[PDB]
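Q: Okay, handing you the structure first.
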Amino acid sequence: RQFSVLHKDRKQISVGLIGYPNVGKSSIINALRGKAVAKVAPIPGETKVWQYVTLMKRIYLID
Amino acid sequence: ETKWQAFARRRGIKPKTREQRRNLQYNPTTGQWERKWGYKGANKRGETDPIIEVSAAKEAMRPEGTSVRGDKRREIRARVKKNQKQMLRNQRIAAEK
Amino acid sequence: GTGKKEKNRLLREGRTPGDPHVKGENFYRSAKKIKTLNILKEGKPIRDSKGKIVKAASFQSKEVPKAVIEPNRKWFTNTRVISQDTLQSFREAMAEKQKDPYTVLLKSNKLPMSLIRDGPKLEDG
Amino acid sequence: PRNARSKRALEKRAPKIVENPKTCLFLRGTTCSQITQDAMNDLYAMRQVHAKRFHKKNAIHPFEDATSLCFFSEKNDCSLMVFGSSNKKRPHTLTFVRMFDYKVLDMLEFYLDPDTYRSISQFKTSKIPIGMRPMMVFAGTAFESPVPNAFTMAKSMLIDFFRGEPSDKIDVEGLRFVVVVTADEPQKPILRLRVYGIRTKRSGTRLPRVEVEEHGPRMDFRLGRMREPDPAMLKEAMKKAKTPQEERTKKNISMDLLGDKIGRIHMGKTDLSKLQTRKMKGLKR
Amino acid sequence: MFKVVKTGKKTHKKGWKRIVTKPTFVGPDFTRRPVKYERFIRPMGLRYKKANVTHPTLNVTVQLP
RNA sequence: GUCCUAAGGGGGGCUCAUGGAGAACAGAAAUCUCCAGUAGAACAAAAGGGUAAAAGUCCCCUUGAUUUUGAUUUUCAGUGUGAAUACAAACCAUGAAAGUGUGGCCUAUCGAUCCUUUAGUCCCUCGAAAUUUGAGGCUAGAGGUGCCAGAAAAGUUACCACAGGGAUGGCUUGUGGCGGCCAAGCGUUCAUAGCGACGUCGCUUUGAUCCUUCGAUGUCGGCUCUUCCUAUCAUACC
RNA sequence: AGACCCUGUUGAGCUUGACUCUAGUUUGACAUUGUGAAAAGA
RNA sequence: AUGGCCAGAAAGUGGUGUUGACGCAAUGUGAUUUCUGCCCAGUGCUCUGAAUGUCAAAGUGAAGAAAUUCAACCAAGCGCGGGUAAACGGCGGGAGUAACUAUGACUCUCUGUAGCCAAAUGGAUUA
RNA sequence: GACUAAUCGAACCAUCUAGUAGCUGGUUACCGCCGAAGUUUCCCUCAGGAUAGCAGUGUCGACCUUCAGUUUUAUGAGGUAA
Ligand SMILES: Nc1nc2c(ncn2[C@@H]2O[C@H](COP(=O)(O)OP(=O)(O)OP(=O)(O)O)[C@@H](O)[C@H]2O)c(=O)[nH]1
Ligand SMILES: [Mg+2]
Ligand SMILES: [Mg+2]
């Protein structure tokens, strides 16, 4: 929300999640949304493609 | 706000850029650069040309004494008169406000 | 009430009569929203009965424009100039610079960075 | 405004965010004594660059009607007026009149003491260069009254008169003339206007020793009739416009020393006390 | 300059996107528009930041930003 | 109906309308000379004190017709290297200089065979007759989108259906681009300009670093099996 | 004579402050609706 | 129950209903375990709370010889002004004040190699 | 969007009905005399129009006047070679 306020001039901000396999990027996105919006599995490489999830009006999350 | 400014604010009409509103254009047929308006502008193209094509019906409907060489100046005078009436209306409205 | 018709909505919202409208305007759709959603529906050319394109699609105009540059005095002047005092102030500022993790960069200032940043080490040079 | 010159004059007389230096109009009534004319000449000499002078007789009583003053402000674009008068009740009067929007903002009368008035030419010293703004010193207890009065308005008009042109920098050689106005609370108090030249002398210290020498003119006034501004006009005159180069401070937005725009993010205190760890099988004895 | 980028899982595909086929300059502090609202596509492999500039008088070629 | 290297800006020089006296045509009124001429002329505004070695009028220079930068002001931006805008700075023009000055002004659109409105008393008709209101026809006028009315009939079908129409090439290969120089030669030799192979010169780590992989609209395969080309990896010879 | 693409004065199904309607609902008036009193007035 | 939900062209018409809130009807979610990011009040939900501001039909008053015209009056809904399922939705915090109520506005600064606490467990890594 | 007699995003039967199509397919003996054309001009375009021009049958008028995608003469443009 603070980053969105700092970029209030733009229409929205994109927040992309990076890291090692099986660290919990899709789990973090699902937790922030409060709903299972991204696929989650304990095996590495469950997420294979980039995915947009609209968290709020001006916050997008990129898995 | 004038009538145009209010209408543009309602319709989302964006102001033209300074590069877009320049009094300069490239004429392909002559291969030269010329002005759109003003002295020797594109709005008065052919008033000094040696030969002008004239339609027979247009010449028949043309009043006596007038020629084809002043039609563009007539149209400019009409447009200037309309723009002047509109800006006088805007100034009167702003004076009442 | 007044009525759920579009004209009744226009008089209820008090828009100045005689104004043009974009096709598809309603209570849920403004002109900007209709343009945004019609962008997604763009991309189809207009064709005749034989499939020949009579009107090209958006940004596929196929006509060659006259790519010419006008003579202008602005092309031969310096667009950006900087003074020695300003350069010295920027050098002192960059020497004074300290990194803070809780600050973010929102807009970079267009500066002649090669004349401001310090030189490399003499061993490397 | 058909011509470019008339357009330039209209744009100069147009209202602006930062204003032009105010112009002072020096004019006299039908009766004006020689002492009053000499005082007007001295004030014009103090303010040559931003003043205009009338030379005819004007049958105007400023406290009865000021329509002609408003007309003169309209025509000459003058925001200060020094009006000279002479009468049996008031022998030598200088009426300081300040405009706002080509209408009279406020007015104040000064009565001259004739036996003590000294012109600039009667002092045999070096004089001020043309265009140099003199510094100002206001002394006494009459200027800090809690209620706005005639002395406070006289101070405001004298500041606006000897203000000159604003400047963010000044040469150290342009600190050589001072104008001192002295007035005390109390039978009528006397406002004394003096001008001095400044000499600097070595004192064995980095700060120089300032010595004064009288420059002229020597004026003694008694404050007279008083026209206070309208309240709404006073707030409209005391509205302060904002320069476009003066930025508005945005929350958590700043500019660093290199001109980069910097945002501030705030994390907050890390409170992990209420986090319950996972109760694994290996963590149980 | 622009080529149609077709999107959709049907046989009939939406064609509103365009891609610039010539090198582009995007400038500093560039963040790409999101894919739902990105009509014009300027690929990263075609973005240039420096150029070999020749001075006609000095007869010197320098790579400049 | 014509004419203009446009307006504007800067600098320099001169003084105007008018009156008197004079000069072949020239005679109230042509042109020229002197004297007197606070502007009584011209240029702008609407002074109750605008301008006289000028703000008037002629010469010289620019005419580049709307410059660049900005983390700043206001507004806007599904095309966010931001755009318009205000302000500031730089640039520019002129001048010996002090300085001066510019880097725009505006506006929704549509009808004129249209809309609104007025008059006809001695105009005609209301069909059984007359009068008074009213309505229609015809004629003559006035104004011009502030007070001349009005200008709001959307999508989707991957659930589908019908009537039809369709499904560059004797190209390519092994050697970069831009800019300058040299250059045998081609030309030229009342102009000494212009092309130019062969080349060359500038931009694109002391055997390193490995902590900079830079976007599917375009789609390939696998099996079995036959043949062809050489631009030959191997075997053969040099 | 499948599928796919393109065209139509295209047909049909579905949706929505698209247009005109309408079932239903709500509100007002009139008739069904008669008989007396007690006051306030014109 | 002089009720709701329906059906019927209508009906002295039918169903729920041989029914009566532990019921009937309509929704969303979908065992158990877990579970309700923080705060409101813009859209919407509902308040007979004052108004006639919009205000049809019928009715009332005036002008004319009438056709006709003009005026008040004018229900519901809308509008205005209040509380919310606070559902949708918007909302980076925390302090002050000069505003004084909505909207404020103007400054300041903000980053245990296995524990504690909760009625054995701390789970959704659910048999 | 499944089923409702092999028929279902609206069953079957008969009628209005020979519904409509600008789209598709087809359109039946012989010989003779002529015989074509693609911005010429105007209109808001595509899902557009007329219109000029070129043609065939009849006639009529004194089928009277004659005219002509040609040259020459003279004068223009091209004064351009020479
Ligand atoms: N205990 C515990 N487990 C977690 C947490 N976050 C994620 N996990 C587990 O870690 C696993 C891997 O994370 P993912 O959801 O697959 O996300 P990821 O890191 O992007 O993995 P990939 O999609 O394969 O790249 C998940 O199955 C979760 O069960 C956590 O905070 N605590
Ligand atoms: Mg995983
Ligand atoms: Mg993942």
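Just remember, in the structure tokens the first chain shown is A, the second B, etc., residues are 1-based per chain, and ligands are 1-based in the order shown.
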Would you mind listing the residues within 8 Å of ligand 3, counting only C-alpha atoms (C1' of nucleotides) and all ligand atoms, as a PyMOL selection string?
A: chain A and resi 21-22+24-27+38-41+45-48+63
Q: Restricting the output to N, CA and C atoms, write the selected residues as a PDB file, in the first residue's frame.
A:
ATOM      1  N   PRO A  21      13.162 -22.547  -6.186  1.00  0.00           N
ATOM      2  CA  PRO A  21      11.988 -23.426  -6.167  1.00  0.00           C
ATOM      3  C   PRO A  21      11.609 -23.829  -4.748  1.00  0.00           C
ATOM      4  N   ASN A  22      10.302 -23.998  -4.533  1.00  0.00           N
ATOM      5  CA  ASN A  22       9.696 -24.476  -3.291  1.00  0.00           C
ATOM      6  C   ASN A  22       9.960 -23.571  -2.093  1.00  0.00           C
ATOM      7  N   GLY A  24       7.875 -20.862  -1.544  1.00  0.00           N
ATOM      8  CA  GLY A  24       6.550 -20.433  -1.146  1.00  0.00           C
ATOM      9  C   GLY A  24       6.053 -19.168  -1.812  1.00  0.00           C
ATOM     10  N   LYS A  25       6.399 -18.952  -3.084  1.00  0.00           N
ATOM     11  CA  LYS A  25       5.938 -17.756  -3.786  1.00  0.00           C
ATOM     12  C   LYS A  25       4.434 -17.806  -4.037  1.00  0.00           C
ATOM     13  N   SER A  26       3.952 -18.927  -4.580  1.00  0.00           N
ATOM     14  CA  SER A  26       2.520 -19.097  -4.801  1.00  0.00           C
ATOM     15  C   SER A  26       1.768 -19.153  -3.479  1.00  0.00           C
ATOM     16  N   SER A  27       2.398 -19.716  -2.445  1.00  0.00           N
ATOM     17  CA  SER A  27       1.794 -19.731  -1.118  1.00  0.00           C
ATOM     18  C   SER A  27       1.651 -18.322  -0.557  1.00  0.00           C
ATOM     19  N   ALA A  38      -3.306 -19.374  -6.674  1.00  0.00           N
ATOM     20  CA  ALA A  38      -2.167 -19.937  -7.382  1.00  0.00           C
ATOM     21  C   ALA A  38      -1.931 -21.363  -6.906  1.00  0.00           C
ATOM     22  N   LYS A  39      -1.512 -22.226  -7.830  1.00  0.00           N
ATOM     23  CA  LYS A  39      -1.334 -23.639  -7.518  1.00  0.00           C
ATOM     24  C   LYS A  39      -0.143 -23.845  -6.590  1.00  0.00           C
ATOM     25  N   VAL A  40      -0.326 -24.710  -5.596  1.00  0.00           N
ATOM     26  CA  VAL A  40       0.649 -24.934  -4.538  1.00  0.00           C
ATOM     27  C   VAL A  40       0.890 -26.431  -4.406  1.00  0.00           C
ATOM     28  N   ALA A  41       2.159 -26.834  -4.459  1.00  0.00           N
ATOM     29  CA  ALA A  41       2.527 -28.231  -4.280  1.00  0.00           C
ATOM     30  C   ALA A  41       3.919 -28.289  -3.675  1.00  0.00           C
ATOM     31  N   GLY A  45       9.111 -26.880  -8.880  1.00  0.00           N
ATOM     32  CA  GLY A  45       8.675 -26.616 -10.234  1.00  0.00           C
ATOM     33  C   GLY A  45       7.193 -26.754 -10.481  1.00  0.00           C
ATOM     34  N   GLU A  46       6.354 -26.531  -9.467  1.00  0.00           N
ATOM     35  CA  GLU A  46       4.912 -26.570  -9.681  1.00  0.00           C
ATOM     36  C   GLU A  46       4.453 -25.416 -10.564  1.00  0.00           C
ATOM     37  N   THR A  47       4.968 -24.214 -10.316  1.00  0.00           N
ATOM     38  CA  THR A  47       4.673 -23.047 -11.137  1.00  0.00           C
ATOM     39  C   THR A  47       5.630 -23.053 -12.321  1.00  0.00           C
ATOM     40  N   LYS A  48       5.078 -23.104 -13.530  1.00  0.00           N
ATOM     41  CA  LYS A  48       5.891 -23.159 -14.735  1.00  0.00           C
ATOM     42  C   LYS A  48       5.813 -21.891 -15.571  1.00  0.00           C
ATOM     43  N   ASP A  63       3.331 -14.180 -10.221  1.00  0.00           N
ATOM     44  CA  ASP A  63       3.971 -15.440  -9.887  1.00  0.00           C
ATOM     45  C   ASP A  63       4.884 -15.882 -11.024  1.00  0.00           C
TER      46      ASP A  63
END
Q: Distance limit 12 Å, atoms considered: only C-alpha atoms. Which chain C residues sit that close to chain E? Return them as a VMD selection string.
A: chain C and resid 36 to 45 57 to 64 105 to 114
Q: Write out as a PyMOL selection string which residues come within 8 Å of residue H:78 when counting only C-alpha atoms (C1' of nucleotides), dropping same-chain ones fewer than 6 positions away.
A: (chain C and resi 1-2) or (chain H and resi 54)
Q: Suppose we keep C-alpha atoms (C1' of nucleotides); can you now write the selection as a PDB file, in the first residue's frame?
A:
ATOM      1  CA  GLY C   1     -39.177   8.376  -9.824  1.00  0.00           C
ATOM      2  CA  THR C   2     -37.753   9.774 -13.056  1.00  0.00           C
TER       3      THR C   2
ATOM      4  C1'   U H  54     -40.130  17.493  -9.366  1.00  0.00           C
TER       5        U H  54
END
Q: Among chain E, which ones does DSSP assign to strand (DSSP E or B) (computed from the backbone)? Answer as a PyMOL selection string.
A: chain E and resi 2-7+14-20+24+40-41+47+51-55+60-64
Q: Tell me, which residues of chain C carry DSSP helix (DSSP H, G or I), written as a PyMOL selection string?
A: chain C and resi 6-13+31-41+73-76+84-96+113-115
Q: Dump C-alpha atoms for the selected residues as a PDB file, in the first residue's frame?
A:
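The resulting file, out02.pdb, is reproduced below:
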ATOM      1  CA  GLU C   6     -30.779   6.962 -20.894  1.00  0.00           C
ATOM      2  CA  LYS C   7     -32.343  10.371 -21.578  1.00  0.00           C
ATOM      3  CA  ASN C   8     -33.804  10.435 -18.059  1.00  0.00           C
ATOM      4  CA  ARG C   9     -30.366   9.510 -16.693  1.00  0.00           C
ATOM      5  CA  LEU C  10     -28.816  12.360 -18.707  1.00  0.00           C
ATOM      6  CA  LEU C  11     -31.262  14.935 -17.321  1.00  0.00           C
ATOM      7  CA  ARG C  12     -30.795  13.454 -13.836  1.00  0.00           C
ATOM      8  CA  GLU C  13     -27.006  13.863 -14.079  1.00  0.00           C
ATOM      9  CA  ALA C  31     -16.510   7.080 -22.925  1.00  0.00           C
ATOM     10  CA  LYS C  32     -13.033   6.271 -21.581  1.00  0.00           C
ATOM     11  CA  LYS C  33     -14.188   2.811 -20.466  1.00  0.00           C
ATOM     12  CA  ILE C  34     -15.805   2.142 -23.856  1.00  0.00           C
ATOM     13  CA  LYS C  35     -12.588   3.145 -25.629  1.00  0.00           C
ATOM     14  CA  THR C  36     -10.566   0.888 -23.306  1.00  0.00           C
ATOM     15  CA  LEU C  37     -12.875  -2.085 -23.889  1.00  0.00           C
ATOM     16  CA  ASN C  38     -13.095  -1.489 -27.655  1.00  0.00           C
ATOM     17  CA  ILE C  39      -9.292  -1.650 -27.761  1.00  0.00           C
ATOM     18  CA  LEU C  40      -9.686  -5.334 -26.841  1.00  0.00           C
ATOM     19  CA  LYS C  41     -12.201  -5.738 -29.690  1.00  0.00           C
ATOM     20  CA  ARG C  73      17.766  25.926 -36.242  1.00  0.00           C
ATOM     21  CA  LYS C  74      17.022  23.774 -33.181  1.00  0.00           C
ATOM     22  CA  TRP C  75      18.961  20.828 -34.632  1.00  0.00           C
ATOM     23  CA  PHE C  76      22.347  22.578 -34.394  1.00  0.00           C
ATOM     24  CA  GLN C  84      31.171  24.204 -13.592  1.00  0.00           C
ATOM     25  CA  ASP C  85      29.745  25.270 -10.220  1.00  0.00           C
ATOM     26  CA  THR C  86      26.796  22.906 -10.682  1.00  0.00           C
ATOM     27  CA  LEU C  87      29.159  20.076 -11.658  1.00  0.00           C
ATOM     28  CA  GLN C  88      31.294  20.723  -8.560  1.00  0.00           C
ATOM     29  CA  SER C  89      28.172  20.733  -6.367  1.00  0.00           C
ATOM     30  CA  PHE C  90      27.077  17.411  -7.872  1.00  0.00           C
ATOM     31  CA  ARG C  91      30.546  15.931  -7.301  1.00  0.00           C
ATOM     32  CA  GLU C  92      30.460  17.023  -3.654  1.00  0.00           C
ATOM     33  CA  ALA C  93      26.952  15.571  -3.332  1.00  0.00           C
ATOM     34  CA  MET C  94      27.980  12.201  -4.770  1.00  0.00           C
ATOM     35  CA  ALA C  95      31.020  12.165  -2.483  1.00  0.00           C
ATOM     36  CA  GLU C  96      28.644  12.877   0.427  1.00  0.00           C
ATOM     37  CA  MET C 113      27.196  11.076 -14.984  1.00  0.00           C
ATOM     38  CA  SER C 114      30.594  10.634 -16.653  1.00  0.00           C
ATOM     39  CA  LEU C 115      31.605  14.164 -15.604  1.00  0.00           C
TER      40      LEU C 115
END
Q: Work out how far atom CA of residue A:14 is from atom 20 (O, counted along the ligand's line) of ligand 1, in Å to one decimal.
A: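 So the answer is 17.2 Å.
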Q: Taking only C-alpha atoms (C1' of nucleotides) into account, what are the residues of chain H at most 12 Å from chain D, put as a ChimeraX atom specification?
A: /H:92-94,106-118,121-123,125
Q: Kindly determine which residues of chain C lie within 6 Å of chain F, considering only C-alpha atoms (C1' of nucleotides), and give the answer as a VMD selection string.
A: chain C and resid 18 24 79
Q: Within 9 Å of chain C, which residues belong to chain B? Use only C-alpha atoms and report them as a ChimeraX atom specification.
A: /B:7,10-12,24-26,28,33
Q: Please identify all polymer residues within 9 Å of residue E:47, counting only C-alpha atoms (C1' of nucleotides), omitting same-chain residues fewer than 5 positions from it, and present them as a JSON list (two decimals) with N, CA, C and O atoms, in the first residue's frame.
A:
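Saved as result32.json:
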[["chain", "number", "residue", "atom", "x", "y", "z"],
["E", 23, "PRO", "N", 14.28, -1.49, -34.02],
["E", 23, "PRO", "CA", 14.85, -1.15, -32.71],
["E", 23, "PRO", "C", 14.24, 0.11, -32.11],
["E", 23, "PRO", "O", 13.92, 1.07, -32.81],
["E", 24, "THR", "N", 14.07, 0.09, -30.78],
["E", 24, "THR", "CA", 13.43, 1.17, -30.06],
["E", 24, "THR", "C", 14.33, 1.64, -28.93],
["E", 24, "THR", "O", 15.26, 0.95, -28.51],
["E", 25, "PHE", "N", 14.04, 2.85, -28.44],
["E", 25, "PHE", "CA", 14.69, 3.41, -27.27],
["E", 25, "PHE", "C", 13.62, 3.70, -26.23],
["E", 25, "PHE", "O", 12.70, 4.49, -26.48],
["E", 26, "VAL", "N", 13.73, 3.06, -25.06],
["E", 26, "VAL", "CA", 12.69, 3.15, -24.04],
["E", 26, "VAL", "C", 13.01, 4.16, -22.94],
["E", 26, "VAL", "O", 12.11, 4.53, -22.18],
["E", 42, "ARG", "N", 7.37, -3.65, -27.27],
["E", 42, "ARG", "CA", 8.74, -3.31, -27.66],
["E", 42, "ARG", "C", 9.68, -4.29, -26.99],
["E", 42, "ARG", "O", 9.98, -4.15, -25.79]]
Q: Please, what distance in Å, to one decimal, runs between atom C1' of residue F:18 and atom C1' of residue F:43?
A: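 Atom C1' of residue F:43 lies 19.4 Å from atom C1' of residue F:18.
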Q: Name all residues at most 8 Å from residue D:136 (count only C-alpha atoms (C1' of nucleotides); drop same-chain ones fewer than 4 positions away) and give them as a PyMOL selection string.
A: chain D and resi 159+162+178-181
Q: Report as JSON lines: every residue of chain D with an atom at most 7 Å from chain F, its closest pair of atoms, and their distance in Å to one decimal, counting only C-alpha atoms (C1' of nucleotides), with rows sorted by chain and ascending residue number.
A:
{"residue": "D:54", "atom": "CA", "partner": "F:49", "partner_atom": "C1'", "distance": 6.5}
{"residue": "D:244", "atom": "CA", "partner": "F:73", "partner_atom": "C1'", "distance": 4.4}
{"residue": "D:245", "atom": "CA", "partner": "F:72", "partner_atom": "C1'", "distance": 4.8}
{"residue": "D:246", "atom": "CA", "partner": "F:72", "partner_atom": "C1'", "distance": 6.6}
{"residue": "D:247", "atom": "CA", "partner": "F:72", "partner_atom": "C1'", "distance": 5.6}
{"residue": "D:255", "atom": "CA", "partner": "F:71", "partner_atom": "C1'", "distance": 6.6}
{"residue": "D:259", "atom": "CA", "partner": "F:71", "partner_atom": "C1'", "distance": 5.3}
{"residue": "D:260", "atom": "CA", "partner": "F:71", "partner_atom": "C1'", "distance": 6.0}
{"residue": "D:261", "atom": "CA", "partner": "F:71", "partner_atom": "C1'", "distance": 5.9}
Q: Interatomic distance between atom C1' of residue H:95 and atom CA of residue A:7?
A: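 The value is 25.6 Å.
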Q: Distance cut-off 9 Å, counting only C-alpha atoms (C1' of nucleotides) - which residues of chain A neighbour chain H? Return them as a list in words.
A: residues 1, 2, 3, 4, 5, 32 and 42 of chain A
Q: Which neighbours of residue D:78 fall inside 8 Å, counting only C-alpha atoms (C1' of nucleotides), when residues of the same chain fewer than 4 positions from it are skipped, and could you give them as a PyMOL selection string?
A: chain D and resi 22-25+72-74
